[PDB]
Amino acid sequence: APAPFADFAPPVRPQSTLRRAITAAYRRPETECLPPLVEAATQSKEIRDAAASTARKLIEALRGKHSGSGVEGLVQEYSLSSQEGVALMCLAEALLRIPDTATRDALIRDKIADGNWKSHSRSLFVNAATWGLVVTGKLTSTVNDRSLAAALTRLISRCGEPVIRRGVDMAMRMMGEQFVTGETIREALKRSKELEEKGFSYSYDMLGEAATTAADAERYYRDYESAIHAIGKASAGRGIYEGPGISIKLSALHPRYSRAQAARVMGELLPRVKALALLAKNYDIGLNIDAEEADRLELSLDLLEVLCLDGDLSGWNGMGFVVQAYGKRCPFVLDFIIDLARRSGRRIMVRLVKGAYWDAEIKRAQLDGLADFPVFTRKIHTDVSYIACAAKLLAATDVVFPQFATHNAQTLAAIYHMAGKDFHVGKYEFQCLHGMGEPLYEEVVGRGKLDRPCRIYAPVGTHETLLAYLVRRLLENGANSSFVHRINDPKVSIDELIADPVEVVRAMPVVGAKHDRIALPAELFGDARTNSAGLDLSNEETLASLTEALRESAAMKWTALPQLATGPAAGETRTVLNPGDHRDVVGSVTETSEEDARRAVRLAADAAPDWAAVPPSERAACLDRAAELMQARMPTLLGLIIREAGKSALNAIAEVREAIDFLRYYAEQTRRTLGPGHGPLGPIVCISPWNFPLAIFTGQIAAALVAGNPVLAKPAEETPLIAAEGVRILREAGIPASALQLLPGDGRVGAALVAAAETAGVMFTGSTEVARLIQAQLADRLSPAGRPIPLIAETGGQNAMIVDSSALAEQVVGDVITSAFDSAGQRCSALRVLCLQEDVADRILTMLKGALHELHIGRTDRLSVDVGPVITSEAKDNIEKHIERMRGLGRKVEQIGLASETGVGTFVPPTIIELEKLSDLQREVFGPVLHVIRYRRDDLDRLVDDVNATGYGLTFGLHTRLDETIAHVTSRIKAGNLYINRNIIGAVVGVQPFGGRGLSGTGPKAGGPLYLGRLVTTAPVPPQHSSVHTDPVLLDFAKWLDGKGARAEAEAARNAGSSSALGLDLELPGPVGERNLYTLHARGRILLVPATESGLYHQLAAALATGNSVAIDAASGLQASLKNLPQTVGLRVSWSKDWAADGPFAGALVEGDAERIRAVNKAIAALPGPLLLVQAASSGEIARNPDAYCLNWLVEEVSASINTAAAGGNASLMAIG
Amino acid sequence: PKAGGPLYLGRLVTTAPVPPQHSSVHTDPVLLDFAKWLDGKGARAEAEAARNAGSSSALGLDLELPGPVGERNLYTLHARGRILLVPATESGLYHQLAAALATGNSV
Amino acid sequence: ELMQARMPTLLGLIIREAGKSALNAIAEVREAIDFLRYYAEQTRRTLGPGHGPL
Ligand SMILES: [C]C1=C([C])[C]=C2C(=[C]1)N([C][C]([O])[C]([O])[C]([O])[C]OP([O])(=O)OP([O])(=O)O[C][C]1O[C](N3[C]=NC4=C3N=[C]N=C4[N])[C]([O])[C]1[O])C1=NC(=O)[N]C(=O)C1=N2[C]1[C][N][C](C([O])=O)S1
Ligand SMILES: NC(=O)c1ccc[n+]([C@@H]2O[C@H](COP(=O)([O-])OP(=O)(O)OC[C@H]3O[C@@H](n4cnc5c(N)ncnc54)[C@H](O)[C@@H]3O)[C@@H](O)[C@H]2O)c1
Ligand SMILES: [Mg+2]
């Protein structure tokens, strides 16, 4: 048996001093990075004056020949609005998908120009965000396809065939000659002769990146290989400086290019790069490795090292490598490369760029809760870094070949004068992007200008392949801080453009301060609370320290005991085994007798006043202290979760982060709300699931505790050890032993706790079937006041994602792989049903199956493991029984092979099952099993019906670029957590408050602002909880009441209309590149069980004020109290003689004495389907208490998370520099 | 239609143009249910007409118009109310219903 | 353009023929000018050969 974590994440090679200095700078504070760069970038006053003069001269020439763009002239000629211009370019794009020129022209002349363009599976406007950048310079993340359709109809009906003709010719020019140098390498090489004769050179980019499958990587490989032949044939011995070369992206050459898969990268990717480099060597052309995301930088250095030390490549100086000056590690990376060039004797071609992925790096660091960014946050810092690194490169031209890739004339001029008077071809060069840089460098290349060479980075590919690179390009030119945007801005003077970034930074009061408008990840929530911190699993120091802490966690003797108020109790003891390897004993659990569980409830009851008397601020301080303890102990907590619950390190980090976030969120919500009149319920039984064994465990207990309730904590029988450690942490944080008792054991302990007479409330997260048993237990019970015992029951999902033909397959597949198979599908939020529009289903399914087979399944104490085990052999048997049933029905089943090592544990391979109809599913299958259905676009509304028809309502995803489809689907889906253009497993506390409806939950949502109010007898007013909107049917009912003479009830109805928070619509603070929305909706149809006329009027007012319809108990005999209702109200009112037939309901209001309430509660619990959140009151309570029925529980919370960076960049961050 | 607004000129020609900014991303939910019902009955041309009406309807348009500072001048498209339908044929009635339901109206 | 340039004279007629004050006569002429320019622009944004007159 392998020792735990003995092979967790060993580095590719021992880290040299130079490599370690790189890693040390990864997230260095910005104020520490800049001073050395300012020193390195300093030049003499004479040079700065000469540079400014050169830069002014370049900028004056640039602005002098600056003519209007072709699209701008087209917009002008036909008086097009922006939407018309965008719609026209979308139409032209589509017409160019028609290959035959004569066929296209007939369609234009005879069909398109004559009105109905719509007549002639894929929205015309799928790429409108890109064309929007071209036309307007601004990025709109999604497409208003109804606005574009209207604009296209309007412009065609107004201007006819001539404007279509001009649009097509424009689009043809741009997509064939401006965004790419050519469609094919042969075409690009032909078009390169003109500028080569003027002194330019070329580096061709075949536009591959981010392989998703093995087949993708093979395709990109043979594309590079075939391009190298064509370029090498064309080079014809010109060599690596005068002649053309190629650029490659490592992400194109392997589907798992990541530090987590470093062994696969070195074993499988490296030989492919070597083979391409050997061919480049034989033709003697340059081969450049493009720089990509920050978490790939250091990994790529291991390939660069091996290649430069490989004797088979000796004699060739064409190996090239990009370094990104916006990165804090850039100068240290250059030190490493220069030293490698010295050791290997290879004159490495070093392309210095600023960096292409800035927005994405900001979002990723925020999402991951890391200490700082790996890039600068002020644009001028990148400029100083660039010039500092150019000085380092220019001092090493004997050993490297510097290549200064920039379109900034100030940057260029500074380096031109820095390099001095001695020049020869091969000393260094400049570089520019095809299309973007020729105006500037025609003022540089040639003995009549600055007589310095420029290599053009030349994209090559079809219209289809060009999109990703294009948005990344167009977003760059649109940012306010970009040189290209500023030189075109008339309000920007040449003096401002030639301003020296080195001197500007040097004179700042605080050198190198972070941007004021970009939050560090820790500060995402500002003054409200401190964000939890994650760990960077791409950082070798982190991996090394985590390796030791994980190993140490595996040597600990973890135990879980019945921790009663009086001290640990005796019981039956057994071992806890690693689900991924039953030979790995993780610890020992002593489980609770039903006698001791009943005793613990009595002890909690006796201790309840002492805990309620701890002021809310001090209870919240305990939570905050507990959060600090968990943050400090995260590495050890990771190791325990990894081994006890079969989680990967990434998932365990998120798990501990979520626990920390619960603690801090409920602490802050407490400080915002709880006062003397919000009395605790009493002893609360917290029953938690195995699959989030720390986070949900902690969240329920922390909420109950901070609301002033003593807690009986019953963890899932599978995962008691992490629960015991969380209880130890909470107790260390100051929660008294009498306020928090741990009762390990199975459902018998849970049931004994629920049944205990003093149990005042139950918080349950788990399966719907178990919640239903607890609901039945509680229906026997009333509080001492004669009211139902509150139950929060957060249960299963049957979560769908709908994908239309506008979505990007690579994005979809990544989000599907994560949503369906992360944690082996053992997330309640996990994707269960993928719904694919028929026209794209085959392509996406092929890509999905290819991605499936790149997953590594195994024991999770290895960083390379993607998917761990299922929790037990019983879970495995249950999942496999489902798979084989489906397989028996003839459904296509895709499964990846499991290594023999999995036999010592309980594993189910990630599985894809292709279904015919959504009704082929019957129950939640809690494992790594994705079902796929196809749908025709016209049946989208029916498909949403089908998703809703399961009765679940937890998470839901939609991948589309089209606003009409977003509006349609999100208005018709009924689920508590929605996700647009991203995965569906985000439940960030306070950002996506988490929890569903129907069979998925009673609410209120964990991690949201209504949660604590359920755990006290009188609910406070949550922060931000109000609405200016009044339900109109409530208003009509209040008027009807006044017309009937029921004046007091009409007043109560109007008060309910005002007090309702129906229509609340908020955006919650969170990471950049995401919009996180929180809204209060009607729950649905509320069952009303009245006893008196006034009671019925109050119940109806409460239900209508919160947007609901009602079914009124016909056995009340109160039909005559509701005669002659307004039609608006009658539409919402039905009478029910058979409650079971008229559901599902979404809640209930009950009026009666205590035994009437108990009887109705039993009848309601017997209704099929969803657990109902029931509120009961006596007639006298209704008369005395306007809040007898609390409106908090008559609305439904909906969280929506929209990935606004999905189009390829972040519009908000484009204005930040 | 309103004088001084974008629907006005279209009343004075035999085929109305699409006015500037005249669109909506919202689809009437009753229109959607009607299209599905027509689908179920096999009235494929009418169901297509219903879907097309649902998309081209500008019901729900909600714009701020340019004007003076210190004012917000808003322009919105709502249902008219109850529309009198005088059909002659079943297909005609389905088409009338599609047009009226797509624009939020009762009939 | 003509109504704008002749607004003072048009004001005088409106004041005496229709009982308007100077301020309201100014508003009257401005609105006429705005109708003219608005329907002109709306025409430039929309009308094509298939939008036949009544
Ligand atoms: C020219 C070139 C070549 C030849 C090649 C390459 C490149 C380039 N790239 C790109 C770069 O990086 C950049 O992005 C551009 O170029 C731009 O820059 P320039 O011209 O310099 O401009 P300016 O304006 O001066 O600047 C801009 C910049 O800055 C920065 N920022 C912004 N904002 C900010 C910043 N920082 C800080 N903070 C703040 N706030 C940024 O950076 C921007 O951009 C590249 N890149 C990369 O990454 N890599 C590579 O490799 C490269 N190359 C190419 C290839 N790839 C790419 C793609 O694909 O896309 S391109
Ligand atoms: N809605 C959410 O937020 C959410 C979150 C996580 C998990 N879940 C659901 O949880 C399920 C998986 O977790 P699980 O396997 O641990 O759920 P489970 O229903 O099997 O058990 C959950 C807890 O209930 C206890 N239990 C079992 N029988 C009981 C009884 N008769 N009375 C009282 N307690 C009893 C168990 O000991 C455990 O502590 C999945 O259905 C998943 O969807 C929901
Ligand atoms: Mg269970």
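The figures that follow rest on heavy atoms only: side chains count, while hydrogens, waters and symmetry mates do not. So you know, we letter chains A, B, ... as the sequences are listed, proteins then strands, and number each from 1.
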Non-hydrogen atoms of [X] and [Y] that approach each other most closely:
X: A:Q178; Y: A:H434; value: O-CD2, 3.4 Å
X: A:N317; Y: A:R346; value: OD1-CA, 3.6 Å
X: A:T411; Y: A:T406; value: CB-OG1, 3.9 Å
X: A:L352; Y: A:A390; value: CD2-N, 3.8 Å
X: A:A9; Y: A:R259; value: O-NH2, 2.9 Å
X: A:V867; Y: A:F821; value: CG2-O, 3.6 Å

Could you check whether any side-chain N or O of [X] sits under 3.5 Å from a backbone N or O of [Y], counting only pairs where one atom can act as donor and the other as acceptor?
X: A:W358; Y: A:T377; result: no
X: A:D359; Y: A:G1209; result: no
X: A:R296; Y: A:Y257; result: yes
X: A:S819; Y: A:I984; result: yes
X: A:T542; Y: A:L535; result: no
X: A:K328; Y: A:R28; result: yes
X: A:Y220; Y: A:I248; result: no
X: A:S300; Y: A:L297; result: yes
X: A:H407; Y: A:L433; result: yes
X: A:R351; Y: A:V322; result: no

Can you tell if the side chain of [X] reaches within under 4.5 Å of the side chain of [Y], non-hydrogen atoms only?
X: A:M349; Y: A:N288; value: no
X: A:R472; Y: A:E209; value: yes
X: A:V932; Y: A:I844; value: no
X: A:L848; Y: A:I817; value: yes
X: A:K354; Y: A:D383; value: yes
X: A:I857; Y: A:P910; value: yes
X: A:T213; Y: A:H853; value: no
X: A:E225; Y: A:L276; value: yes

For [X], does the [atom1] atom sit with more than 12 other heavy atoms under 6.0 Å from it, leaving out its own atoms?
X: A:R347; atom1: CZ; result: yes
X: A:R219; atom1: CZ; result: yes
X: A:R13; atom1: CZ; result: yes

Do [X] and [Y] have a side chain donor and acceptor closer than 3.5 Å?
X: A:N127; Y: A:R961; result: yes
X: A:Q261; Y: A:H856; result: no
X: A:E298; Y: A:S538; result: no
X: A:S251; Y: A:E292; result: yes
X: A:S823; Y: A:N651; result: yes
X: A:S806; Y: A:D804; result: yes
X: A:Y202; Y: A:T181; result: no

Just checking A:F179 against A:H463, ring centres under 6.0 Å apart?
no

Kindly indicate, with the supporting measurements, whether the criterion side chain to side chain contact (heavy atoms under 4.5 Å, CB included) is fulfilled by A:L278 and A:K274.
CA-CA 6 Å; A:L278 288 169; A:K274 174 177 177 169; 4.0 Å; yes

Run the numbers on A:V1072 and A:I518 for side chain to side chain contact (heavy atoms under 4.5 Å, CB included), then give the verdict.
CA-CA 9 Å; A:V1072 300; A:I518 297 169; 5.9 Å; no

To the nearest 0.5 angstrom, please state how far the [atom1] atom of [X] sits from the [atom2] atom of [Y].
X: A:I362; Y: A:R364; atom1: CD1; atom2: CZ; value: 13.0 Å
X: A:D335; Y: A:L340; atom1: CG; atom2: CG; value: 12.5 Å
X: A:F321; Y: A:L301; atom1: CZ; atom2: CG; value: 4.5 Å
X: A:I22; Y: A:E540; atom1: CD1; atom2: CD; value: 11.0 Å
X: A:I185; Y: A:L189; atom1: CD1; atom2: CG; value: 4.5 Å
X: A:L133; Y: A:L139; atom1: CG; atom2: CG; value: 5.0 Å

Salt bridge present between A:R191 and A:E187 (N-O < 4.0 angstrom):
yes

Determine the interplanar angle of the A:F404 and A:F430 rings, folded into 0 to 90°, and report it as parallel if under 30°, tilted if 30 to 60°, perpendicular if over 60°.
tilted

After noting the C-alpha distance and the side-chain angles of A:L537 and A:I653, does the key distance pass the side chain to side chain contact (heavy atoms under 4.5 Å, CB included) rule?
CA-CA 10 Å; A:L537 299 184; A:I653 292 169; 4.0 Å; yes

Can A:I240 and A:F401 be said to form a side chain to side chain contact (heavy atoms under 4.5 Å, CB included), step by step?
CA-CA 11 Å; A:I240 63 175; A:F401 175 59; over 6 Å; no

Go through it in stages, so that I can follow the logic: the residues are A:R455 and A:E429, the test is salt bridge (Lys or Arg N to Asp or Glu O under 4.0 Å), and I'd like the CA-CA distance, side-chain angles, deciding distance and then a yes or no.
CA-CA 7 Å; A:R455 185 175 310 274; A:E429 67 185 12; 2.8 Å; yes

